[PDB]
Amino acid sequence: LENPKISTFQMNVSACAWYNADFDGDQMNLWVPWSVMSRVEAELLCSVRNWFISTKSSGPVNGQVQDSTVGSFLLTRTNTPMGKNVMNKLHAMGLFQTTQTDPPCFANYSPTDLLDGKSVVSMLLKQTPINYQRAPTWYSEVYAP
Amino acid sequence: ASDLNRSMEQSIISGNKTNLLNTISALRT
Amino acid sequence: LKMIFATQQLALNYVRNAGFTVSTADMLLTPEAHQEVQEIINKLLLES
Amino acid sequence: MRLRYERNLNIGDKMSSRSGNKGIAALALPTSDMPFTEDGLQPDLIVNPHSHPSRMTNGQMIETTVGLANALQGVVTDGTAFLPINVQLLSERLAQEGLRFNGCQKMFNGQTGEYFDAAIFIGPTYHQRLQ
Amino acid sequence: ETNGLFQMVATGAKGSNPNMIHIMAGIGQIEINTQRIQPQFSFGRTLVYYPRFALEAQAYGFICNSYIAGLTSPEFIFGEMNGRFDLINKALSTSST
Amino acid sequence: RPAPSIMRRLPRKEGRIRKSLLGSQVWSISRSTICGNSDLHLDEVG
Amino acid sequence: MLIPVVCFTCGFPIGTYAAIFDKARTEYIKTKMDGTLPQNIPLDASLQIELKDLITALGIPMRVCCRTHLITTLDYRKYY
Amino acid sequence: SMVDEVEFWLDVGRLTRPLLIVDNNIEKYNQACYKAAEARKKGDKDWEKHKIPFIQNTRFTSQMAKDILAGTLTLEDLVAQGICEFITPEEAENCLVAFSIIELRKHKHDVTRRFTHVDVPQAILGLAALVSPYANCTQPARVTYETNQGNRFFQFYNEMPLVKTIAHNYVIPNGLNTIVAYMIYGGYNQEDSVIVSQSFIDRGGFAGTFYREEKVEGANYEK
Amino acid sequence: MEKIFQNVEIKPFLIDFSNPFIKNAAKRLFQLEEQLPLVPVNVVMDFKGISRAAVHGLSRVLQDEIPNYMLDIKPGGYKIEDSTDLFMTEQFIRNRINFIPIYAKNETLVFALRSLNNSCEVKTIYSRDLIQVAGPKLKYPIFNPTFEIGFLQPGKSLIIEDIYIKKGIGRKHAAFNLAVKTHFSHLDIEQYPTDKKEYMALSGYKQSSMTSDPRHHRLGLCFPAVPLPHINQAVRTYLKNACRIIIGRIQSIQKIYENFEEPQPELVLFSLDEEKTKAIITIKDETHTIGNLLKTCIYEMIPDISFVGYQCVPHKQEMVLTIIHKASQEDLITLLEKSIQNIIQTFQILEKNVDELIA
Ligand SMILES: [Mg+2]
Ligand SMILES: [Zn+2]
């Protein structure tokens, strides 16, 4: 970070699950390897991609947390108070402008066309296909009555 | 001599270190 | 990890347009619900 | 010898409300990038709603409501603990002063200028910086 | 559809049903070690605010109010006992672990 | 308490073994407060 | 130490009227609290008088931030 | 009462607190009850009329509150009269206290709940606790449950809170009435983070001077 | 003809002297029985037939990103002496002086502040104590004389010599901020009655922001200090300046386009081999204004565009605009030039309408 006024170690929120950390004043150590052997070992063996699946439980340490979870629920929500959960071409395109990935193709959509959140999520997931059927936390027998 | 005052001072020095709410609470502590 | 980041960005960008908030009125029962709760509490106290 | 350092609110400086709620300044935005209501009011601080449930700090919300009402009226009221309180009457007082019952307002995204679909809860809350 | 707190609780983002029931509709009985408030103050007394051998539930840690409604002095005191117990247990468990 | 001995260096959490041999002080290291950044990948640090 | 030159939130120059306000308020408060004024006057009671019309007369717009910072800011001269 | 001893204590270190005294007419109630029993014995059947209601109250009045706020009356004056008295933890074992005047009014005519004193609720909190507003509407321990476990700054600007508590009649407020928005804005305020306004910082909000004293006192300048 | 800028409403904020307390306080403190030389001005303007992006870009350019003047103390100006007050530190006085709104046309003016408290009570330093020491004599004040510069304890003094006019933009330092937001609404979209409890949780508009495309807006901004006799003129200049600023920025981007086929660090254009051309433009020290404006105009010009987006990452201090379109490099460049020319013409029409209306 080339801003001289920033002096904190900035990390993605979803990474905190690795260290059990919160931005409430928690401090952290950071050291950059300088030798070739240590740099090679850090890059090839200790990368956080290796810690994604927990060794303790054999499960995914990292996932969407807080605003990402509610945002996903709202995005894939079928109906909003205004009506159907749809967006025009411009906003569907704008959803993908900060993903740091290859943008999908919207050449087949008219500016007046309407896209659901399920459609944009479908493009993002079709980037890497997977099959998944289950029930959400939204559906609870406690609230059903 | 110096031993009396210095030793009493030291007895006060051990910890016992002193916005306004914090100071008043430390006094009330 | 890449898909986690991308999905997080998608959700945040969506919430950028459909705002989210919590207010005080979100925790305020209606008078009828308040009366129902009072009835339940009174029943528990009666059993005691 | 005495040394003085000019200390502005830097990124990474702890901020806390009266009811706990310790937090860290994570980002600073220009005035043009901050959200604004249709009346032009914009926030000094933006706080995630996800802290309230676990922290169970409803006092901050009640303080925000009463502060909105007081600022509109131009008074300073007593919010001491264990005094009689009626949140419904506070919301009605907000409604009388020309605001909404829940205190929410129409807000716009400062960066893009697009109004949020949901009314946002913005109000004056007392904050301090931890040492 | 338009409740932020409920949407956060139900979607699993934050909170739980007991939190909602405590914030609204009443905290209910306070339990420490699956037990009511024991008479520590004096023989047959739990607090200076209640008589010896009190029979009402409120004298042993039953809170009829919610956080939004507001807690009276004895109810606040009992909640304080419970919260401090949670903190002390957490610290002891951390050390032992 | 101020009784120097050779064999009282070894024991305890402040002793030679647990403070000097197991664990150490190191150069080329930094420490600071951590905050959030939504524009950093899960494997990036600012 | 003083009312800020500009509103902290929006930057509206409240300070231009600050001094005048601090005077007017005083007089206004006295008038509303008719009778003996020996400084026994309860501060928590003097703060209950509504200054909405006074600030409106000063010309400050009806903005929450400006009113808050105008009426709540502490003055070092009074305390020290 | 378990043992018949009576103890008088006058040593240092005894915590003490003022408490309003509760008076009642239990003697008159007992006399009326005995008179009614005698009436029943006589068979006249007016015994119900002889009995009188039980009354328990406190001598504190609104005029006394006004005098206290005006500075005319002090705790010494109240203690000199019978309104209030000092109670210690030792003597508190013999006191039955109503936690608020609301309780006393609720049991005003209840011979089953004769109270010895009335307590102002705010008395169960310290200054630091009293700083927080509507503390009874929050569970302060659970707030810190996440935060549990684990050179002078002078700040130019401070303001009185819009929702002030009693604790601010005795301490100087340190802070500002910041406009807080409770919303999701880009996910930069997660996990207790907060998004700040650059203009708010520039305008002097929470800006001050940090003072460090070198009173005790390679390549270096020396010039 | 086009009349993008349809209606304008200018209303200065004045002091109501009919209030006895305000009148007495003003007369006593400052012998002031009239409106101050500089007053804030609230301008409400209606725009029709213009995209929301352009209107909001103009709004935020006025709030900041527009050149503006402040008062600053040159290094060494704060003279430390034996009688200097302890409380009135240089940081405090500098902060107070910086945020005094000014309306200055000449940057050569230099002021000075020399105050001594010879009395036995705390004195108050006001802005009227600021005296001009360099530059042509001011025929009209550039700041109001009522600001409380500070206060001095008895026997103390404050001497600051070099106080000059500094130029800058708002986003770099808040002291350069010009406009204060007061209103923003869309007249094209119908609104619910929000007083009812079934709509108090919604924004109040009948159309979701994810599908709505408004074209009729009302924007109201407050200027902190303009000369009372010249209000209409001052506001006009501001607006015109803003337009020019935006055009200038846009023109810069246009130049980058006109130099395609020449190695440039900002423009990186390649062929995705699907008959799609991808162009990335990186501009340093660029804000959401230009990025959003460019995205909107390009999207309008090319409805069937494969993709157009922009990112202004806060920690990168740059704007990256990505355009993917099923066309050859030259065709895409021509389309982008057409869009830029369209937006430039829109803002020129806006400037002309400003001149016709406010005058
Ligand atoms: Mg933490
Ligand atoms: Zn303001």
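Every chain is numbered from 1, with letters handed out A, B, ... down the list of sequences.
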Could you report the tightest heavy-atom contact between [X] and [Y], atom names first, then the distance?
X: D:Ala28; Y: H:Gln198; value: CB-OE1, 3.1 Å
X: I:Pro101; Y: I:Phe147; value: CD-CZ, 3.6 Å
X: I:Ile125; Y: I:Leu158; value: CD1-CD2, 3.7 Å
X: I:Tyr69; Y: I:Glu107; value: OH-OE2, 2.5 Å
X: H:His168; Y: H:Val131; value: CE1-O, 3.8 Å
X: I:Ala174; Y: H:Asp202; value: N-OD2, 3.0 Å

Checking ring-ring contact (aromatic ring centres under 6.0 Å, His included) for the pair I:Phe111/I:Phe143: CA distance, chi angles, key distance, verdict? CA-CA 12 Å; I:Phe111 300 85; I:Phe143 48 69; 5.4 Å; yes
Ring of G:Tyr28, cation from G:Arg25 - is the NZ or CZ under 6.0 Å from the centre and inside 45° of the axis? no
I:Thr108 and I:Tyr164, any side-chain heavy atoms less than 4.5 Å apart: no
Decide yes or no for I:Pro40 and I:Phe223: does some side-chain heavy atom of the first lie under 4.5 Å from some side-chain heavy atom of the second? no
Check I:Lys123 with I:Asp85, please: is the shortest side-chain N to carboxylate O separation under 4.0 Å? no
Would one find more than 12 heavy atoms of other residues, nucleotides or ligands at under 6.0 Å from atom CD of G:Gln39? no
Start with the C-alpha distance between G:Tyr80 and G:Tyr76, add both sets of side-chain angles, then the distance that settles ring-ring contact (aromatic ring centres under 6.0 Å, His included), and finish with yes or no. CA-CA 6 Å; G:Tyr80 182 107; G:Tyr76 210 70; 5.5 Å; yes
For I:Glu90 and D:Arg4, run salt bridge (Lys or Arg N to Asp or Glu O under 4.0 Å): C-alpha distance rounded to whole Å, both residues' side-chain angles, the deciding distance at 0.1 Å, then the answer. CA-CA 11 Å; I:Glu90 194 197 2; D:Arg4 100 175 84 82; 5.2 Å; no
Rounded to the nearest 0.5 Å, the OG atom of I:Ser127 sits from the CZ atom of I:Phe30 at a distance of 9.0 Å
Yes or no on salt bridge (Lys or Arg N to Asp or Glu O under 4.0 Å) for I:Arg171 and I:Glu65, after CA distance, side-chain angles and deciding distance? CA-CA 6 Å; I:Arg171 60 194 194 79; I:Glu65 299 148 54; 5.3 Å; no
